[PDB]
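First the structure, in the form of structure tokens, and then the observations on it.
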Amino acid sequence: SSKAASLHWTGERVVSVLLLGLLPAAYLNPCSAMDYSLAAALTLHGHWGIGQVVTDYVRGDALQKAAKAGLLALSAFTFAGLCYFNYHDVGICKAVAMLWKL
Amino acid sequence: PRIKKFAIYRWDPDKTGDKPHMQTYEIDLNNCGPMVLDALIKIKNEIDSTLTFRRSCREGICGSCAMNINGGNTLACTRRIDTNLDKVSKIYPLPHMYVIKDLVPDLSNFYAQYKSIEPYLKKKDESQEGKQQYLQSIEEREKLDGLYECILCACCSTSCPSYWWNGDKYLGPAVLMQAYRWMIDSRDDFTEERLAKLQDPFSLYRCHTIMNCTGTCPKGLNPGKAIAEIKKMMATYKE
Amino acid sequence: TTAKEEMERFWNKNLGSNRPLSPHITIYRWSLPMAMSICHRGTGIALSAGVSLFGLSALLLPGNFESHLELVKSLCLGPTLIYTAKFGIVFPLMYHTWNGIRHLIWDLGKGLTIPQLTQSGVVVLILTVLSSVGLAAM
Amino acid sequence: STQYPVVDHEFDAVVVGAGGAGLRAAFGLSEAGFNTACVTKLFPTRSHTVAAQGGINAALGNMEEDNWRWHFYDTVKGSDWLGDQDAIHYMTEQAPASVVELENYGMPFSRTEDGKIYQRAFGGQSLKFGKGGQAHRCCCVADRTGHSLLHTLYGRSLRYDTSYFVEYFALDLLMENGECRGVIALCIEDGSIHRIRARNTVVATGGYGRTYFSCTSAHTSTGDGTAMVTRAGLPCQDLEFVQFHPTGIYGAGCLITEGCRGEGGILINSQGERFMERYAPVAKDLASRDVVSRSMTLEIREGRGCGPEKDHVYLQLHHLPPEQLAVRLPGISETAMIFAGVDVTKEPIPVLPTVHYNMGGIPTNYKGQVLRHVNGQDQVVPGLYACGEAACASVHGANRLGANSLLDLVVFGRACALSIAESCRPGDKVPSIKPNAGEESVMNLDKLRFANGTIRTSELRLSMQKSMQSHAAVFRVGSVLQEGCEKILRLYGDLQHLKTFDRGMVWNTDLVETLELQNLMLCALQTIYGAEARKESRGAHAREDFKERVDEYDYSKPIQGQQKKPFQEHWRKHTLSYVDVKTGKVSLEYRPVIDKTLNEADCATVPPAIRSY
Ligand SMILES: *Cc1cc2c(cc1C)nc1c(=O)[nH]c(=O)nc-1n2C[C@H](O)[C@H](O)[C@H](O)COP(=O)(O)OP(=O)(O)OC[C@H]1O[C@@H](n2cnc3c(N)ncnc32)[C@H](O)[C@@H]1O
Ligand code: HEM
Ligand SMILES: CC(C)Oc1cccc(NC(=O)c2ccccc2C(F)(F)F)c1
Ligand code: SF4
Ligand code: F3S
Ligand code: FES
């Protein structure tokens with residue numbers, strides 16, 4: 001047995017309990033180290049989220065390849081863009097803090 | 001007199017490109033049975049003998065009369081006629097299924113999926129069969145309860161939205177429940193490879209716990225709970 | 001004949017025929033578990049659109065975050081307008097968060113009965129309203 | 001001509017019917033190595049074996065120590081000595097072997113502390129040849145035995161290269177000079193006609209319960225294979241013997257199992273008395289089905305009815321523990337609130353004697369071979385077999401023993417497979433059929449497809465169903481039966497003034513049910529005429545004018561100083577029924593009952609005696 005689809009399902013639930021744990025953790029500790037791990041969790045869970053949406057509505061064998069590649073491209077730009085924001089700007093924790101008291 | 005209105009889905013494949021249209025039938029409820037099937041039989045026997053439908057046991061234990069009544073997929077011999085005379089009972093076939101005639105769906109794919117899981121006892125050694133009964137305790141026997149009762153009415157699978165869009169590659173609640181039915185069976189030895197047959201994104205993992213399957217089951221069974229229980233076995237089985 | 005052959009012969013008889021598909025979404029009864037599943041997918045996509053739009057703007061659009069807030073500050077700061085706009089952020093966020101837990105509870109194999117679905121379905125719905133109104137006043 | 005497309009299929013064996021006996025015969029032939037085709041008008045699961053709730057009889061010996069030879073005695077005594085004892089020998093001997101066979105297939109039998117199959121008490125079963133008291137040999141899957149039987153038979157059938165003609169209505173047998181060559185059948189999906197030719201043909205179409213108004217049987221139990229043998233000119237056996245199940249709902253006619261009486265359910269009349277102890281002292285309420293239902297219908301005669309209009313009796317489950325009703329009888333518990341609006345734990349079930357079983361059917365050898373009657377002797381019809389309720393190897397005789405039909409299915413279904421496997425080999429010459437064979441079968445179909453008369457199919461059906469219920473009930477007198485005979489004959493002459501509405505090819509339910517009507521009528525004629533001719537009270541057939549049980553000897557007194565009655569004087573013989581299709585003329589003759597067993601040393605022949613529980 002080569003459980004590829006089984007291990008993928010577990011990973012989705014692993015990042016879910018992680019993302020559920022990180023949101024209050026970011027409120028308690030809004031450090032730079034939290035910013036990158038939150039940017040990693042937001043993108044990965046979101047990528048595997050739309051991945052399930054694509055495999056549901058897209059008919060496949062022709063558009064399936066294009067949609068999965070188009071999503072991977074978007075997810076790569078999202079994670080890099082967020083990492084750029086954490087390094088060259090205030091960070092996603094400080095971004096919310098300033099936005100919410102506006 | 002006590003008049004009850006029935007609006008039924010009708011399509012004739014012999015009327016040269018006929019459109020699927022609804023047809024209203026009026027029935028004296030005082031001179032009819034309590035169940036929907038009794039009413040469907042009544043219009044067939046009295047009003048119009050053109051309404052085609054599957055019926056057999058009239059008892060609720062064969063799964064022939066399975067159809068969509070008022071937006072719910074149940075057996076017509078189990079669901080009783082709505083006593084409220086001011087409402088018209090909308091009668092449709094099973095959702096997102098190929099219509100052969102009036103309320104008659106093509107279930108060939110449904111049964112084929114049930115064949116693809118291998119619903120029979122598989123032993124590693126078969127040389128000692130048909131001579132001695134296999135042992136099972138009352139404790140191990142109770143684990144099959146609520147699973148073997150499935151009558152294959154195809155109500156739960158046809159209610160599932162995932163089975164609508166992905167009916168070709170996704171097996172559906174009814175079939176998956178039977179796959180689980182042969183998994184926990186203490187007699188069966190091929191438990192590992194039954195799970196290994198579901199190692200693709202479509203066979204099992206197209207379920208998203210929408211939970212329309214349990215909510216419509218005529219026998220009150222819980223396929224969704226059984227599906228989620230498979231998912232737990234899939235992530236824990238070794239080798 | 002085999003199971004795989006039965007499926008292959010099924011589609012050839014139906015796709016090349018005059019047989020129509022039975023009505024599905026037009027006729028089926030609206031369930032609370034069904035509607036809440038659609039909203040979970042709706043909020044899922046809406047949130048992923050926001051997260052991606054935020055990271056994508058950090059690369060494409062010029063200027064830092066401090067200057068970007070000033071554009072929002074430029075327009076009249078309506079107390080009843082900012083609160084409503086801020087409410088429309090946490091509303092799809094907290095619904096998906098509370099219902100996300102409900103999905104994770106289901107993955108443990110617990111609370112999968114019809115009465116339990118309707119109970120936990122309301123609890124998630126109520127927690128959303130409270131957490132959305134509560135966080136908008138932070 | 002040129003209207004219908006004929007598609008000829010070539011196989012080794014054709015099994016008409018996909019029920020219990022049908023599947024066992026079907027998959028067993030491919031398991032033996034034959035190219036087997038299975039023809040069925042319904043999907044195999046929708047078959048009426050699922051409705052079976054009681055159980056399946058086997059002397060395995062799990063509750064107490066048991067012997068299959070006692071199960072032989074209980075069946076032959078139950079058969080009122082009309083049952084062929086060679087067939088009962090074969091059924092009871094490999095009864096434990098064929099049930100273990102099913103459990104090994106995957107059947108989730110109810111269990112005990114030992115871990116073995118749960119057996120229970122049932123109507124008319126006794127240990128130590130009747131003297132030992134109550135017996136427990138009814139193997140059950142918690143009140144859903146027949147449903148679980150069919151699923152584990154169907155499930156196991158996918159292991160083999162069996163062809164399945166799902167939803168194909170069989171019209172007539174393919175016959176050439178007395179020899180059976182296969183089946184001509186109608187496809188329901190598109191409307192075409194298929195000729196399926198094979199060296200051997202098995203018929204497992206079940207009973208004809210739809211002949212009556214009130215029955216526990218399905219809407220499809222129309223004795224199609226029984227009336228298929230009829231049009232071929234071959235006889236039908238014991239068709240007047242119709243079993244009335246004592247416990248059936250007053251409403252839709254649904255079945256409440258005899259397993260209710262086997263667990264501890266008692267029958268109580270409107271007076272409040274335990275009336276079943278009054279009629280039968282030994283077995284009481286758990287007696288044979290020809291005695292219990294006889295007592296219930298007699299309660300109406302003295303006006304002791306429980307119902308609002310005083311017509312039905314009660315089955316009490318008020319005293320039964322709710323712990324047992326959830327584990328041992330869940331199937332009848334849920335269906336009680338549906339059709340009656342009654343919970344089993346606080347109030348009794350409204351029950352009434354209703355049509356249940358047809359022991360009489362197609363004359364059958366203990367091997368499974370279909371028997372024709374020529375010159376007072378039995379002849380085997382070449383390439384024709386029958387198993388199940390449609391068959392009559394007469395293992396049930398005049399009255400079927402409780403929970404014996406599911407056994408009759410698996411054992412004789414297996415026997416039909418073995419008798420083919422040991423006679424001819426797979427791949428042997430398939431006898432060529434005539435180019436225009438089954439011409440009248442197609443011409444028949446074309447008449448009712450374009451039927452333009454005055455009387456509707458369903459209106460003639462109701463006229464048949466209600467006439468049988470009043471004239472051929474539990475009790476029937478010669479004057480009442482004779483009126484019914486000439487009444488059914490008049491209804492047969494109306495089968496040319498029939499009115500149909502549907503004129504399509506794809507799924508014509510208005511046409512197939514009228515074909516069922518042709519089959520039902522031919523079964524009804526032979527049932528009523530065979531009943532009026534029989535001048536005795538034996539088993540389910542009870543004559544009010546002839547209360548006597550007429551045998552070759554007066555078996556009440558010792559057998560020695562008594563001369564034997566001639567064959568055409570006594571009534572301990574099988575009723576063989578022929579009927580001309582064109583005029584509806586019923587002609588009857590009789591063949592001797594088989595008394596000899598397969599081995600006298602291994603199993604003793606039980607002579608006729610006074611029958612009462
Ligand atoms: C009626 C009944 C019988 C019954 C019972 C409960 C009820 C309500 N409970 C039982 C029990 O608890 N224990 C037991 O031992 N027996 C019980 N019975 C009796 C027994 O179950 C029946 O006799 C049994 O169902 C008979 O089985 P069989 O396989 O011989 O017949 P069937 O199940 O009715 O299946 C018939 C099949 O034949 C096909 N068919 C019929 N006509 C055609 C034509 N026209 N063309 C093609 N195919 C045809 C049907 O498709 C069906 O599958
Ligand atoms: C921390 C709170 C969150 C939790 C507990 C959570 C959990 C989950 C779970 C368990 C699922 C799978 C549901 C199913 O079985 O179908 C899911 C779906 C999804 N989530 Fe999240 N999630 C959270 C936050 C987010 C965020 C912030 C995003 C935005 C990037 C997101 C995007 C998605 C998407 C696109 C799906 C797919 C929709 C679906 O298939 O139903 N989630 N979530
Ligand atoms: C009767 C209507 C409301 O019915 C519909 C219509 C459209 C979409 C849906 N709901 C989904 O489609 C859905 C929702 C959540 C998760 C997975 C799905 C999936 F898998 F794709 F089936 C239901
Ligand atoms: S699981 Fe329930 S709804 Fe689904 S086919 Fe079986 S009985 Fe019908
Ligand atoms: S409805 Fe469908 S997605 Fe689910 S839990 Fe049932 S299989
Ligand atoms: S007809 Fe058998 S389930 Fe309704």
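How things are named: the first chain in the structure tokens is A, the next is B, and so on; residues count from 1 in each chain; ligands count from 1 in the order shown.
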request  = Kindly provide, as a VMD selection string, the residues of chain A having any atom no farther than 7 Å from an atom of chain C, counting only C-alpha atoms.
outcome  = chain A and resid 46 77 to 78 81 to 82 85 89
What would the file look like if the residues just selected were written as an mmCIF file, in the first residue's frame with N, CA, C and O atoms?
```
data_model
loop_
_atom_site.group_PDB
_atom_site.id
_atom_site.type_symbol
_atom_site.label_atom_id
_atom_site.label_comp_id
_atom_site.auth_asym_id
_atom_site.auth_seq_id
_atom_site.Cartn_x
_atom_site.Cartn_y
_atom_site.Cartn_z
ATOM 1 N N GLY A 46 -5.096 27.176 2.953
ATOM 2 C CA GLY A 46 -5.870 27.803 1.885
ATOM 3 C C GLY A 46 -5.653 27.145 0.534
ATOM 4 O O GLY A 46 -6.592 27.019 -0.255
ATOM 5 N N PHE A 77 2.943 32.911 -4.993
ATOM 6 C CA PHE A 77 2.972 34.373 -4.934
ATOM 7 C C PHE A 77 2.402 34.918 -3.626
ATOM 8 O O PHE A 77 2.839 35.966 -3.146
ATOM 9 N N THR A 78 1.432 34.205 -3.058
ATOM 10 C CA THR A 78 0.806 34.601 -1.797
ATOM 11 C C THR A 78 1.766 34.436 -0.617
ATOM 12 O O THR A 78 1.912 35.350 0.196
ATOM 13 N N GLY A 81 4.693 36.891 -1.036
ATOM 14 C CA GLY A 81 4.201 38.244 -0.784
ATOM 15 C C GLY A 81 4.021 38.532 0.694
ATOM 16 O O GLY A 81 4.328 39.632 1.160
ATOM 17 N N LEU A 82 3.526 37.537 1.428
ATOM 18 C CA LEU A 82 3.343 37.645 2.875
ATOM 19 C C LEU A 82 4.677 37.647 3.618
ATOM 20 O O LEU A 82 4.839 38.371 4.600
ATOM 21 N N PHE A 85 6.108 40.965 3.263
ATOM 22 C CA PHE A 85 5.423 41.880 4.170
ATOM 23 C C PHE A 85 5.948 41.758 5.601
ATOM 24 O O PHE A 85 5.999 42.745 6.334
ATOM 25 N N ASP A 89 8.112 45.104 5.901
ATOM 26 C CA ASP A 89 7.063 45.949 6.467
ATOM 27 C C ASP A 89 6.813 45.579 7.933
ATOM 28 O O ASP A 89 7.587 44.826 8.529
#
```
Determine, for each residue of chain A having at least one atom at most 10 Å from an atom of chain B, the closest pair of atoms and their separation in Å to one decimal, counting only C-alpha atoms; order by chain and ascending number, as a tab-separated table.
```
residue	atom	partner	partner_atom	distance
A:1	CA	B:196	CA	6.2
A:2	CA	B:199	CA	7.8
A:3	CA	B:199	CA	6.0
A:4	CA	B:199	CA	6.9
A:5	CA	B:200	CA	5.5
A:6	CA	B:235	CA	5.9
A:7	CA	B:235	CA	6.9
A:8	CA	B:201	CA	9.4
A:9	CA	B:205	CA	8.1
A:10	CA	B:235	CA	6.8
A:52	CA	B:206	CA	8.4
A:55	CA	B:201	CA	8.4
A:56	CA	B:166	CA	6.9
A:57	CA	B:165	CA	7.0
A:58	CA	B:165	CA	9.6
A:59	CA	B:166	CA	8.8
```
Hey, can you spit out that residue selection with C-alpha atoms as a compact mmCIF listing (two decimals), in the first residue's frame?
```txt
# COMPACT_ATOMS: atom_id res chain seq x y z
CA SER A 1 0.00 0.00 0.00
CA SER A 2 1.10 3.54 -0.86
CA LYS A 3 -1.22 5.83 1.10
CA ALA A 4 -0.81 9.16 -0.72
CA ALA A 5 -4.43 10.37 -0.46
CA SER A 6 -4.63 9.18 3.16
CA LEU A 7 -1.55 11.11 4.33
CA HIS A 8 -2.78 14.21 2.46
CA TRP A 9 -6.07 14.10 4.38
CA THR A 10 -4.21 13.91 7.72
CA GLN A 52 -10.65 20.34 -2.84
CA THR A 55 -11.31 18.60 -7.76
CA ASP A 56 -15.07 18.99 -7.16
CA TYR A 57 -16.28 21.38 -9.88
CA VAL A 58 -13.56 21.22 -12.57
CA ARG A 59 -14.38 18.37 -14.97
```
Distance-based interface of chain C with chain D, 10 Å, counting only C-alpha atoms, as a PyMOL selection string = chain C and resi 1-3
For the residues selected in the previous step, produce a file with N, CA, C and O atoms as a compact mmCIF listing (two decimals), in the first residue's frame.
```txt
# COMPACT_ATOMS: atom_id res chain seq x y z
N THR C 1 -19.11 -10.31 -17.32
CA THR C 1 -18.86 -8.84 -17.18
C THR C 1 -18.27 -8.49 -15.81
O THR C 1 -18.52 -9.17 -14.82
N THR C 2 -17.48 -7.41 -15.77
CA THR C 2 -16.86 -6.93 -14.54
C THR C 2 -17.44 -5.59 -14.10
O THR C 2 -18.12 -4.91 -14.88
N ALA C 3 -17.17 -5.21 -12.85
CA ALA C 3 -17.65 -3.95 -12.27
C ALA C 3 -17.17 -2.72 -13.04
O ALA C 3 -17.93 -1.76 -13.22
```
key: At most 6 Å to chain B: residues in chain D, only C-alpha atoms, as a PyMOL selection string   = chain D and resi 46+100-101+105-106+111+115-116+155-156+218-220+458+502+504+509-510
Any chance you can output those residues with N, CA and C atoms as a CSV table (one decimal), in the first residue's frame?
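Below you can see result04.csv, which holds the result:
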```csv
chain,number,residue,atom,x,y,z
D,46,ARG,N,-34.4,-6.8,-4.9
D,46,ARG,CA,-35.8,-6.5,-4.8
D,46,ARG,C,-36.7,-7.8,-4.7
D,100,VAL,N,-24.4,-23.6,7.3
D,100,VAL,CA,-22.9,-23.4,7.5
D,100,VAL,C,-22.3,-22.8,6.3
D,101,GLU,N,-22.7,-23.3,5.1
D,101,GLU,CA,-22.3,-22.8,3.8
D,101,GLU,C,-22.6,-21.3,3.6
D,105,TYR,N,-20.2,-17.8,3.7
D,105,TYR,CA,-20.3,-16.8,2.7
D,105,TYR,C,-20.2,-15.4,3.2
D,106,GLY,N,-20.7,-15.2,4.5
D,106,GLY,CA,-20.6,-13.9,5.1
D,106,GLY,C,-21.9,-13.5,5.8
D,111,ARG,N,-25.9,-14.4,17.3
D,111,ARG,CA,-24.9,-15.3,18.0
D,111,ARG,C,-25.3,-15.5,19.5
D,115,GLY,N,-20.6,-18.6,20.6
D,115,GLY,CA,-20.1,-18.0,19.4
D,115,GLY,C,-20.8,-18.5,18.1
D,116,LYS,N,-21.6,-19.5,18.3
D,116,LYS,CA,-22.2,-20.2,17.1
D,116,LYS,C,-23.6,-19.5,16.8
D,155,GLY,N,-24.2,-11.0,-3.0
D,155,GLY,CA,-22.8,-10.5,-2.8
D,155,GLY,C,-21.8,-11.6,-3.2
D,156,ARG,N,-22.0,-12.8,-2.9
D,156,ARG,CA,-21.1,-13.9,-3.2
D,156,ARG,C,-21.2,-14.3,-4.7
D,218,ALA,N,-45.4,-10.0,-2.2
D,218,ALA,CA,-45.1,-8.8,-3.0
D,218,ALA,C,-46.1,-8.6,-4.1
D,219,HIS,N,-46.0,-7.4,-4.7
D,219,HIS,CA,-46.8,-7.0,-5.9
D,219,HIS,C,-46.4,-7.8,-7.2
D,220,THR,N,-45.2,-8.4,-7.1
D,220,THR,CA,-44.6,-9.2,-8.2
D,220,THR,C,-44.7,-10.7,-8.1
D,458,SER,N,-56.5,-3.7,-14.3
D,458,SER,CA,-56.6,-3.6,-12.8
D,458,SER,C,-58.0,-3.9,-12.3
D,502,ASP,N,-51.1,2.4,-22.4
D,502,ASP,CA,-49.7,2.6,-22.8
D,502,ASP,C,-49.4,1.8,-24.1
D,504,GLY,N,-46.1,2.3,-25.7
D,504,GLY,CA,-44.6,2.5,-25.9
D,504,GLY,C,-43.8,1.2,-25.8
D,509,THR,N,-45.2,-0.6,-18.0
D,509,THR,CA,-45.8,-1.3,-16.8
D,509,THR,C,-47.3,-1.6,-17.0
D,510,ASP,N,-47.9,-1.0,-17.9
D,510,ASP,CA,-49.3,-1.3,-18.3
D,510,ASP,C,-49.4,-2.6,-19.1
```
Within 6 Å of ligand 5, counting only C-alpha atoms and all ligand atoms, residues as a compact mmCIF listing (two decimals) with N, CA, C and O atoms, in the first residue's frame:
```txt
# COMPACT_ATOMS: atom_id res chain seq x y z
N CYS B 160 -26.76 13.01 -1.77
CA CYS B 160 -25.44 13.59 -1.60
C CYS B 160 -25.07 14.50 -2.77
O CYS B 160 -25.06 14.04 -3.92
N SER B 162 -22.13 15.77 -3.45
CA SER B 162 -20.86 15.30 -4.02
C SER B 162 -21.09 14.20 -5.05
O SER B 162 -20.37 14.12 -6.05
N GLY B 172 -20.17 6.97 -3.18
CA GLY B 172 -21.40 7.36 -2.50
C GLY B 172 -21.63 6.63 -1.19
O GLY B 172 -21.11 5.53 -0.99
N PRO B 173 -22.44 7.23 -0.29
CA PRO B 173 -22.76 6.75 1.06
C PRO B 173 -23.14 5.27 1.14
O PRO B 173 -22.54 4.52 1.92
N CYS B 207 -16.21 12.84 -0.07
CA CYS B 207 -17.15 13.17 0.99
C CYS B 207 -16.62 14.35 1.79
O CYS B 207 -15.44 14.38 2.16
N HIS B 208 -17.49 15.31 2.06
CA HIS B 208 -17.13 16.49 2.84
C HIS B 208 -18.06 16.68 4.04
O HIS B 208 -18.23 17.79 4.54
N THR B 209 -18.64 15.57 4.49
CA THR B 209 -19.61 15.53 5.59
C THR B 209 -20.74 16.57 5.46
O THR B 209 -21.02 17.33 6.39
N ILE B 210 -21.38 16.58 4.29
CA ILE B 210 -22.53 17.44 4.02
C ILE B 210 -23.75 16.94 4.81
O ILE B 210 -24.58 17.73 5.26
N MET B 211 -23.83 15.62 4.97
CA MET B 211 -24.79 14.96 5.86
C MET B 211 -26.25 14.99 5.39
O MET B 211 -27.17 15.11 6.20
N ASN B 212 -26.45 14.88 4.08
CA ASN B 212 -27.79 14.71 3.51
C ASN B 212 -28.18 13.24 3.44
O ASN B 212 -29.35 12.91 3.28
N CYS B 213 -27.18 12.37 3.57
CA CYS B 213 -27.35 10.93 3.44
C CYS B 213 -28.07 10.30 4.63
O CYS B 213 -28.96 9.46 4.44
N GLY B 224 -23.10 8.44 6.94
CA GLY B 224 -22.08 9.48 7.13
C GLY B 224 -21.15 9.21 8.31
O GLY B 224 -19.94 9.46 8.22
```
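Around range 47-63 of chain D, within 6 Å and counting only C-alpha atoms, the residues found are residues 19, 95, 96, 137, 138, 139, 140, 143, 144, 145, 146, 147, 257, 259, 403, 404, 406 and 407 of chain D, once anything fewer than 6 positions away on its own chain is removed.
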query = Between A:90, A:76, A:33, A:17, which has the minimum distance to ligand 2 (counting only C-alpha atoms and all ligand atoms)?
reply = A:17
Which residues, written as a compact mmCIF listing (two decimals) with N, CA, C and O atoms, in the first residue's frame, have at least one atom at most 8 Å from range 466-483 of chain D, with only C-alpha atoms counted and residues fewer than 4 positions away on the same chain left out?
```txt
# COMPACT_ATOMS: atom_id res chain seq x y z
N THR D 211 -52.85 -13.70 -6.56
CA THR D 211 -54.13 -14.27 -7.00
C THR D 211 -55.28 -13.89 -6.07
O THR D 211 -56.44 -13.86 -6.48
N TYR D 212 -54.95 -13.60 -4.81
CA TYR D 212 -55.93 -13.23 -3.79
C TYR D 212 -55.90 -11.73 -3.50
O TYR D 212 -54.96 -11.03 -3.89
N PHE D 213 -56.93 -11.25 -2.80
CA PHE D 213 -57.01 -9.84 -2.41
C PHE D 213 -56.02 -9.51 -1.29
O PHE D 213 -55.24 -8.57 -1.41
N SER D 214 -56.07 -10.28 -0.21
CA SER D 214 -55.21 -10.05 0.94
C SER D 214 -54.09 -11.09 1.01
O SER D 214 -54.34 -12.29 1.17
N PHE D 244 -52.22 -20.26 4.64
CA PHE D 244 -52.67 -19.02 5.25
C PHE D 244 -51.87 -18.73 6.52
O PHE D 244 -52.03 -19.42 7.53
N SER D 293 -54.28 -20.69 12.08
CA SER D 293 -55.12 -19.84 11.24
C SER D 293 -56.55 -20.37 11.13
O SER D 293 -57.49 -19.60 10.94
N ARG D 294 -56.69 -21.69 11.26
CA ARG D 294 -57.99 -22.36 11.27
C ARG D 294 -58.80 -21.95 12.49
O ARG D 294 -60.03 -21.80 12.42
N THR D 297 -59.89 -17.90 12.12
CA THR D 297 -61.01 -17.63 11.21
C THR D 297 -62.34 -18.18 11.74
O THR D 297 -63.41 -17.75 11.31
N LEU D 462 -58.92 -7.02 -9.83
CA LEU D 462 -59.67 -6.90 -8.58
C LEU D 462 -60.86 -7.86 -8.55
O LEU D 462 -61.24 -8.34 -7.48
N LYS D 487 -67.11 -18.92 -12.02
CA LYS D 487 -66.94 -17.48 -11.94
C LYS D 487 -65.59 -17.05 -12.50
O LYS D 487 -65.49 -16.05 -13.20
N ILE D 488 -64.55 -17.82 -12.17
CA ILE D 488 -63.20 -17.58 -12.68
C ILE D 488 -63.12 -17.88 -14.19
O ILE D 488 -62.43 -17.17 -14.93
N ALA D 524 -54.96 -19.16 -11.06
CA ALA D 524 -56.22 -19.09 -10.32
C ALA D 524 -57.20 -20.19 -10.73
O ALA D 524 -57.88 -20.75 -9.87
N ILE D 528 -58.64 -23.14 -8.00
CA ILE D 528 -60.06 -23.26 -7.63
C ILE D 528 -60.69 -24.60 -8.06
O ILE D 528 -61.50 -25.17 -7.32
N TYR D 529 -60.32 -25.08 -9.25
CA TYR D 529 -60.83 -26.35 -9.77
C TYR D 529 -60.23 -27.55 -9.05
O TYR D 529 -60.91 -28.56 -8.85
N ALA D 531 -59.35 -27.47 -5.97
CA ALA D 531 -59.94 -27.41 -4.63
C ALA D 531 -61.34 -28.01 -4.60
O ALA D 531 -61.70 -28.69 -3.63
N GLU D 532 -62.12 -27.77 -5.65
CA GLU D 532 -63.50 -28.27 -5.72
C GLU D 532 -63.56 -29.77 -5.97
O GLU D 532 -64.53 -30.44 -5.60
N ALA D 540 -53.72 -27.31 4.64
CA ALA D 540 -54.31 -25.99 4.42
C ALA D 540 -55.67 -26.09 3.71
O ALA D 540 -56.53 -25.23 3.91
N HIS D 541 -55.83 -27.13 2.89
CA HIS D 541 -57.10 -27.37 2.21
C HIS D 541 -58.08 -28.07 3.15
O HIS D 541 -57.93 -29.26 3.45
N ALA D 542 -59.06 -27.31 3.63
CA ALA D 542 -60.05 -27.83 4.57
C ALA D 542 -61.47 -27.70 4.02
O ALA D 542 -61.98 -26.59 3.84
N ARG D 543 -62.09 -28.85 3.77
CA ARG D 543 -63.48 -28.90 3.31
C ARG D 543 -64.42 -29.04 4.50
O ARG D 543 -64.21 -29.88 5.38
N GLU D 544 -65.45 -28.20 4.53
CA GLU D 544 -66.45 -28.23 5.60
C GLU D 544 -67.38 -29.44 5.47
O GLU D 544 -67.74 -30.07 6.47
N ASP D 545 -67.75 -29.76 4.23
CA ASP D 545 -68.58 -30.93 3.94
C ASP D 545 -67.80 -32.24 4.06
O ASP D 545 -68.36 -33.28 4.43
```
task = Write out as a list in words which residues come within 7 Å of residue 71 in chain B when counting only C-alpha atoms, dropping same-chain ones fewer than 3 positions away.
result =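 These residues fall inside the cut-off: residues 68 of chain B; 27, 28 and 29 of chain C.
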Spatial neighbours of residue 118 in chain C, 12 Å, only C-alpha atoms, chain gap at least 4 places, as a list in words =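 These residues fall inside the cut-off: residues 211 and 215 of chain B; 31, 32, 33, 34, 35, 36, 102, 111, 112, 113, 114, 122, 123, 124 and 125 of chain C.
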key: Shell around residue 36 in chain A at 9 Å using only C-alpha atoms, local window under 6 positions removed, as a ChimeraX atom specification   = /A:82-83,86,91-92
task = Enumerate as a ChimeraX atom specification all residues of range 16-211 of chain B assigned to helix (DSSP H, G or I) by DSSP on the backbone, naming them with the chain letters and numbers the document uses.
result = /B:29-31,36-47,108-116,138-141,155-159,161-165,173-181,191-196
inquiry  = as a ChimeraX atom specification, please: every residue in range 37-120 of chain D that a backbone DSSP assignment puts in strand (DSSP E).
reply    = /D:37-40,56-57,119-120
key: Point-to-point distance in Å for CA of residue 405 in chain D and CA of residue 484 in chain D   =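 One can read the CA of residue 484 in chain D to CA of residue 405 in chain D distance as 29.2 Å.
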key: Proximity to chain C - best of B:125, B:18, B:189, B:86, only C-alpha atoms   = B:18
